[PDB]
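Comments concern the structure below.
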Amino acid sequence: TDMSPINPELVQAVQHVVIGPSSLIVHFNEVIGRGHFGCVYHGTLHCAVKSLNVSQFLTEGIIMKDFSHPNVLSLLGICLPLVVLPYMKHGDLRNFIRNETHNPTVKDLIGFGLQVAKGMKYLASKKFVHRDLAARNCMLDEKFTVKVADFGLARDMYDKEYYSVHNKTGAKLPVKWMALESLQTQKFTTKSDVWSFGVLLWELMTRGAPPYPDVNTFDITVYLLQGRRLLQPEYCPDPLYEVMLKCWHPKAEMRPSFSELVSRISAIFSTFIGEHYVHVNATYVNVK
Ligand SMILES: O=C(Nc1cn2nc(Sc3nnc4ccccn34)ccc2n1)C1CC1
Ligand SMILES: [Cl-]
(Lines of atoms letter the chains of each structure in order from A and count residues from 1; the text may use other names and numbers.)
(Lines give C-alpha, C1' and ligand atoms only; values in the text may rest on other atoms or scores of the structure.)
(Ligands and ions follow the chains in the order given, each with its own letter.)
Protein backbone atom coordinates (compact mmCIF):
# COMPACT_ATOMS: atom_id res chain seq x y z
CA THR A 1 0.00 0.00 0.00
CA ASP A 2 0.97 3.65 -0.61
CA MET A 3 1.96 5.21 2.72
CA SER A 4 4.48 7.86 1.54
CA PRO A 5 2.74 11.06 0.28
CA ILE A 6 2.75 11.35 -3.53
CA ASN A 7 -26.71 -28.81 17.57
CA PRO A 8 -26.56 -30.01 21.25
CA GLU A 9 -23.09 -28.43 21.70
CA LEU A 10 -24.32 -24.93 20.69
CA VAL A 11 -27.75 -25.27 22.40
CA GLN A 12 -26.27 -26.05 25.85
CA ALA A 13 -23.58 -23.36 25.34
CA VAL A 14 -26.22 -20.63 24.67
CA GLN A 15 -28.35 -21.32 27.81
CA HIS A 16 -26.82 -18.50 29.89
CA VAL A 17 -27.44 -15.97 27.03
CA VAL A 18 -31.12 -16.72 26.20
CA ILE A 19 -33.92 -14.74 27.90
CA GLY A 20 -37.32 -16.43 28.35
CA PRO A 21 -40.19 -15.01 26.22
CA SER A 22 -42.55 -14.10 29.11
CA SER A 23 -39.66 -12.47 31.07
CA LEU A 24 -39.24 -9.67 28.45
CA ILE A 25 -41.78 -7.00 27.45
CA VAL A 26 -40.75 -5.32 24.18
CA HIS A 27 -42.50 -1.97 23.65
CA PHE A 28 -42.83 -2.05 19.86
CA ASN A 29 -44.99 1.11 20.00
CA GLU A 30 -42.06 3.09 21.50
CA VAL A 31 -39.31 3.38 18.84
CA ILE A 32 -35.83 4.45 19.97
CA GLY A 33 -34.28 4.51 16.48
CA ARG A 34 -33.70 2.84 13.11
CA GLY A 35 -30.76 0.84 11.71
CA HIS A 36 -30.14 -0.88 8.36
CA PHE A 37 -30.29 -4.43 9.88
CA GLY A 38 -33.01 -3.85 12.52
CA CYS A 39 -35.14 -1.40 14.48
CA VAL A 40 -34.40 -0.56 18.15
CA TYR A 41 -37.20 -0.29 20.75
CA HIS A 42 -37.72 0.38 24.48
CA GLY A 43 -38.20 -2.72 26.66
CA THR A 44 -38.57 -4.05 30.21
CA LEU A 45 -36.57 -7.05 31.46
CA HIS A 46 -35.41 -1.20 31.52
CA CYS A 47 -33.50 -1.97 28.31
CA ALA A 48 -33.01 -1.42 24.57
CA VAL A 49 -34.32 -4.20 22.30
CA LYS A 50 -33.14 -4.52 18.70
CA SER A 51 -35.32 -6.70 16.45
CA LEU A 52 -33.21 -8.16 13.60
CA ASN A 53 -34.53 -9.27 10.18
CA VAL A 54 -30.18 -19.08 13.45
CA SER A 55 -26.96 -20.93 14.44
CA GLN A 56 -24.92 -17.80 13.70
CA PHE A 57 -27.31 -15.66 15.82
CA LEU A 58 -26.86 -18.07 18.77
CA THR A 59 -23.07 -18.29 18.21
CA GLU A 60 -22.67 -14.50 17.93
CA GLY A 61 -24.63 -14.10 21.21
CA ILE A 62 -22.28 -16.42 23.16
CA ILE A 63 -19.16 -14.58 21.95
CA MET A 64 -20.74 -11.21 22.82
CA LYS A 65 -21.93 -12.30 26.30
CA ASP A 66 -18.30 -13.12 27.20
CA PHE A 67 -17.21 -9.48 26.58
CA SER A 68 -17.65 -7.74 29.97
CA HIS A 69 -16.07 -4.33 30.68
CA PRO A 70 -17.38 -0.95 32.02
CA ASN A 71 -16.44 0.85 28.76
CA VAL A 72 -17.93 -1.78 26.41
CA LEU A 73 -21.67 -2.21 25.75
CA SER A 74 -22.71 -5.51 27.37
CA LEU A 75 -25.23 -8.02 26.03
CA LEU A 76 -28.06 -8.61 28.51
CA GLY A 77 -29.32 -11.50 26.36
CA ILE A 78 -31.10 -12.78 23.24
CA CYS A 79 -34.63 -13.98 22.43
CA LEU A 80 -36.23 -16.09 19.66
CA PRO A 81 -34.51 -12.47 16.64
CA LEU A 82 -34.28 -9.95 19.52
CA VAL A 83 -30.99 -8.50 20.85
CA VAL A 84 -31.41 -7.24 24.45
CA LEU A 85 -29.00 -4.40 25.29
CA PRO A 86 -28.74 -2.00 28.24
CA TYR A 87 -30.59 1.28 27.69
CA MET A 88 -28.21 4.22 27.33
CA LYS A 89 -29.90 7.33 28.83
CA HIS A 90 -27.80 9.85 26.85
CA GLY A 91 -27.74 8.01 23.48
CA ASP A 92 -24.76 8.07 21.15
CA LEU A 93 -21.66 10.05 22.09
CA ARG A 94 -21.65 12.25 18.96
CA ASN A 95 -25.20 13.58 19.43
CA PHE A 96 -24.43 14.09 23.13
CA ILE A 97 -21.37 16.31 22.50
CA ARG A 98 -23.13 18.18 19.63
CA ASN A 99 -26.12 19.16 21.81
CA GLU A 100 -26.03 22.94 22.43
CA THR A 101 -27.67 22.49 25.88
CA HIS A 102 -24.64 20.46 27.12
CA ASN A 103 -21.64 22.39 28.52
CA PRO A 104 -18.64 20.04 28.40
CA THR A 105 -15.20 21.08 29.63
CA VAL A 106 -11.88 20.01 28.11
CA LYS A 107 -11.55 17.56 31.04
CA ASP A 108 -14.98 16.02 30.28
CA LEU A 109 -14.17 15.41 26.60
CA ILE A 110 -10.65 14.03 27.21
CA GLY A 111 -12.33 11.85 29.88
CA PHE A 112 -14.76 10.44 27.31
CA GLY A 113 -11.75 9.76 25.04
CA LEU A 114 -9.93 7.99 27.88
CA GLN A 115 -13.01 5.83 28.52
CA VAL A 116 -13.14 4.83 24.83
CA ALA A 117 -9.42 3.97 24.96
CA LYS A 118 -10.05 1.73 27.98
CA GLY A 119 -12.93 0.00 26.13
CA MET A 120 -10.72 -0.54 23.05
CA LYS A 121 -7.81 -1.76 25.20
CA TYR A 122 -10.16 -4.45 26.56
CA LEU A 123 -11.50 -5.38 23.10
CA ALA A 124 -8.00 -5.44 21.53
CA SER A 125 -6.87 -7.71 24.41
CA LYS A 126 -9.58 -10.18 23.25
CA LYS A 127 -8.20 -9.92 19.65
CA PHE A 128 -11.39 -8.14 18.56
CA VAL A 129 -11.05 -5.61 15.73
CA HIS A 130 -13.98 -3.14 15.79
CA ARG A 131 -13.70 -1.86 12.14
CA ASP A 132 -16.09 1.11 12.70
CA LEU A 133 -14.93 3.03 15.77
CA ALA A 134 -16.43 6.55 15.76
CA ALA A 135 -18.28 8.85 18.21
CA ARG A 136 -21.65 7.86 16.63
CA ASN A 137 -20.88 4.22 17.56
CA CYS A 138 -20.14 4.84 21.25
CA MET A 139 -22.92 5.39 23.78
CA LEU A 140 -23.30 7.17 27.12
CA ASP A 141 -25.23 6.00 30.20
CA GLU A 142 -26.83 7.83 33.16
CA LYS A 143 -23.44 8.19 34.99
CA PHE A 144 -21.79 9.52 31.81
CA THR A 145 -19.90 6.24 31.41
CA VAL A 146 -18.96 5.80 27.75
CA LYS A 147 -19.52 2.38 26.21
CA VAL A 148 -17.94 1.30 22.92
CA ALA A 149 -20.96 -0.15 21.07
CA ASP A 150 -21.90 -1.16 17.47
CA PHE A 151 -20.29 -4.63 17.57
CA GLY A 152 -21.52 -8.22 17.41
CA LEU A 153 -25.32 -8.51 17.26
CA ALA A 154 -25.57 -4.71 17.79
CA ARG A 155 -23.51 -4.03 14.64
CA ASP A 156 -25.19 -1.69 12.14
CA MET A 157 -25.02 1.44 10.00
CA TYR A 158 -26.75 3.80 12.48
CA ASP A 159 -26.08 7.00 10.49
CA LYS A 160 -26.06 6.21 6.75
CA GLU A 161 -24.61 9.70 5.99
CA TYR A 162 -21.02 8.59 6.81
CA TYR A 163 -20.75 5.35 4.78
CA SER A 164 -19.52 5.43 1.16
CA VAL A 165 -19.89 2.64 -1.43
CA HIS A 166 -16.62 1.27 -2.85
CA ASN A 167 -16.98 1.20 -6.65
CA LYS A 168 -15.60 -2.35 -7.15
CA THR A 169 -16.71 -4.35 -4.06
CA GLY A 170 -19.91 -2.43 -3.19
CA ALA A 171 -19.11 -2.38 0.55
CA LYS A 172 -20.47 0.67 2.41
CA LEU A 173 -17.50 1.86 4.48
CA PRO A 174 -16.78 4.68 6.98
CA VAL A 175 -14.01 6.22 4.82
CA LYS A 176 -13.46 9.36 6.93
CA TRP A 177 -12.48 7.12 9.92
CA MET A 178 -10.39 4.56 8.01
CA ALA A 179 -6.64 4.07 8.04
CA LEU A 180 -4.69 4.84 4.89
CA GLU A 181 -3.93 1.10 4.46
CA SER A 182 -7.58 0.03 5.01
CA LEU A 183 -8.81 2.52 2.36
CA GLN A 184 -6.56 0.73 -0.16
CA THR A 185 -7.03 -2.94 0.90
CA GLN A 186 -10.37 -2.93 2.81
CA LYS A 187 -8.56 -4.98 5.52
CA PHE A 188 -8.89 -3.95 9.17
CA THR A 189 -6.66 -4.47 12.21
CA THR A 190 -6.29 -3.20 15.78
CA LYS A 191 -3.76 -0.68 14.35
CA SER A 192 -6.49 0.58 11.94
CA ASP A 193 -8.82 0.85 15.01
CA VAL A 194 -6.10 3.13 16.49
CA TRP A 195 -6.30 5.43 13.42
CA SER A 196 -10.09 5.55 13.88
CA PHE A 197 -9.63 6.31 17.58
CA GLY A 198 -7.49 9.31 16.57
CA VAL A 199 -10.38 10.56 14.42
CA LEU A 200 -12.76 9.95 17.37
CA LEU A 201 -10.55 12.14 19.61
CA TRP A 202 -10.80 14.88 16.95
CA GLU A 203 -14.63 14.49 17.01
CA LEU A 204 -14.61 14.83 20.80
CA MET A 205 -12.54 18.04 20.84
CA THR A 206 -14.65 19.57 18.00
CA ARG A 207 -17.90 18.54 19.78
CA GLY A 208 -18.93 16.30 16.88
CA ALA A 209 -17.97 18.17 13.70
CA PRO A 210 -17.75 15.93 10.59
CA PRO A 211 -14.10 15.06 9.74
CA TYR A 212 -12.85 16.48 6.40
CA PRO A 213 -15.97 18.44 5.23
CA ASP A 214 -16.80 17.68 1.51
CA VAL A 215 -14.25 14.79 1.23
CA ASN A 216 -16.80 11.95 1.38
CA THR A 217 -15.50 9.14 -0.90
CA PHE A 218 -12.42 6.88 -1.27
CA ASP A 219 -10.76 10.00 -2.81
CA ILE A 220 -9.97 10.76 0.90
CA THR A 221 -6.96 8.50 0.10
CA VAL A 222 -5.63 11.02 -2.46
CA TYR A 223 -6.29 13.85 0.01
CA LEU A 224 -4.36 12.10 2.80
CA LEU A 225 -1.49 11.23 0.40
CA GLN A 226 -0.95 14.93 -0.40
CA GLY A 227 0.58 15.02 3.14
CA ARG A 228 -2.49 15.99 5.20
CA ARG A 229 -4.15 15.26 8.51
CA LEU A 230 -7.12 16.70 10.39
CA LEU A 231 -6.28 20.14 11.85
CA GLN A 232 -5.82 20.71 15.61
CA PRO A 233 -9.19 21.69 17.13
CA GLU A 234 -9.31 25.08 18.88
CA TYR A 235 -9.89 23.50 22.33
CA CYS A 236 -7.58 20.47 21.78
CA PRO A 237 -4.45 20.72 24.00
CA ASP A 238 -1.12 20.30 22.19
CA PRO A 239 -0.25 16.93 23.83
CA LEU A 240 -3.59 15.44 22.76
CA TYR A 241 -3.05 16.61 19.18
CA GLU A 242 0.41 14.98 19.31
CA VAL A 243 -1.42 11.78 20.35
CA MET A 244 -3.83 12.10 17.38
CA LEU A 245 -0.85 12.45 15.00
CA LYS A 246 0.64 9.25 16.51
CA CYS A 247 -2.69 7.45 15.90
CA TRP A 248 -2.42 8.44 12.22
CA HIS A 249 1.24 7.36 11.73
CA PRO A 250 1.69 6.24 8.08
CA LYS A 251 3.17 2.91 9.29
CA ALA A 252 0.51 0.86 11.15
CA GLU A 253 3.17 -0.83 13.36
CA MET A 254 4.43 2.57 14.63
CA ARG A 255 1.01 3.63 15.96
CA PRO A 256 0.50 3.38 19.73
CA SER A 257 -1.27 0.41 21.28
CA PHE A 258 -4.53 1.15 23.12
CA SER A 259 -2.56 0.32 26.29
CA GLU A 260 -0.18 3.18 25.42
CA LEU A 261 -3.13 5.46 24.58
CA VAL A 262 -4.80 4.79 27.94
CA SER A 263 -1.49 5.69 29.64
CA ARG A 264 -0.85 8.87 27.65
CA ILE A 265 -4.42 10.15 27.76
CA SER A 266 -4.74 9.42 31.52
CA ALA A 267 -1.73 11.73 32.09
CA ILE A 268 -3.12 14.52 29.90
CA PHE A 269 -6.55 14.10 31.57
CA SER A 270 -5.04 14.46 35.05
CA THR A 271 -3.61 17.95 34.31
CA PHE A 272 -7.07 19.54 33.82
CA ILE A 273 -9.42 20.71 36.56
CA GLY A 274 -12.67 21.44 34.63
CA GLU A 275 -12.10 25.18 34.04
CA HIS A 276 -11.95 25.18 30.20
CA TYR A 277 -15.39 25.15 28.58
CA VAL A 278 -15.42 23.78 25.03
CA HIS A 279 -17.58 25.71 22.58
CA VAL A 280 -18.63 24.73 19.08
CA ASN A 281 -16.74 26.04 16.05
CA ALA A 282 -18.84 28.48 14.00
CA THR A 283 -17.49 27.04 10.71
CA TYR A 284 -18.66 23.48 11.64
CA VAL A 285 -22.23 24.30 12.88
CA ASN A 286 -24.89 22.70 10.62
CA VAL A 287 -22.16 21.11 8.42
CA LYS A 288 -22.64 17.47 7.34
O1 LIG B 1 -31.47 6.44 22.22
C2 LIG B 1 -31.28 6.35 23.43
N3 LIG B 1 -30.84 5.24 24.12
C4 LIG B 1 -30.35 4.09 23.50
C5 LIG B 1 -30.34 3.81 22.15
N6 LIG B 1 -29.75 2.59 22.04
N7 LIG B 1 -29.54 1.94 20.88
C8 LIG B 1 -28.95 0.80 21.02
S9 LIG B 1 -28.60 -0.17 19.60
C10 LIG B 1 -26.91 0.23 19.41
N11 LIG B 1 -25.90 -0.59 19.64
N12 LIG B 1 -24.75 0.11 19.38
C13 LIG B 1 -25.08 1.32 18.99
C14 LIG B 1 -24.31 2.43 18.60
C15 LIG B 1 -24.94 3.56 18.25
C16 LIG B 1 -26.38 3.67 18.26
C17 LIG B 1 -27.11 2.61 18.63
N18 LIG B 1 -26.45 1.45 19.00
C19 LIG B 1 -28.52 0.20 22.31
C20 LIG B 1 -28.78 0.92 23.41
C21 LIG B 1 -29.42 2.17 23.30
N22 LIG B 1 -29.77 3.06 24.20
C23 LIG B 1 -31.56 7.50 24.32
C24 LIG B 1 -32.69 8.44 24.03
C25 LIG B 1 -31.27 8.91 23.87
CL1 LIG C 1 -10.97 21.66 31.76
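One-based numbering along the chain as shown.
The backbone N, Cα and C atoms fix where each Cβ goes, and this holds for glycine too.
Among the candidates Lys50, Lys65, the one that Swiss-Prot lists alongside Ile32, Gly33, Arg34, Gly35, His36, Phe37, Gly38, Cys39, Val40 as binding ATP is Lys50. Of the residues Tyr87, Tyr277, Swiss-Prot records the annotation phosphotyrosine for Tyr277. Feature annotation from Swiss-Prot across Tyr223, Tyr241, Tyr284 places phosphotyrosine at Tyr284. Record check of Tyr163, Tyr235 in Swiss-Prot: the feature phosphotyrosine is attached to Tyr163. Across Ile32, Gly33, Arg34, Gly35, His36, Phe37, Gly38, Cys39, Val40, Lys50, which the record gives as binding ATP, the greatest C-alpha separation is 15 Å. Here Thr217 (phosphothreonine) comes close to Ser164, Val175: these same-chain residues lie at least six apart in sequence, with C-beta atoms under 8 angstroms from its C-beta.
Spanning 8 unmodelled residues, the straight-line distance from the Cα of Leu45 to the Cα of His46 measures 6 Å.
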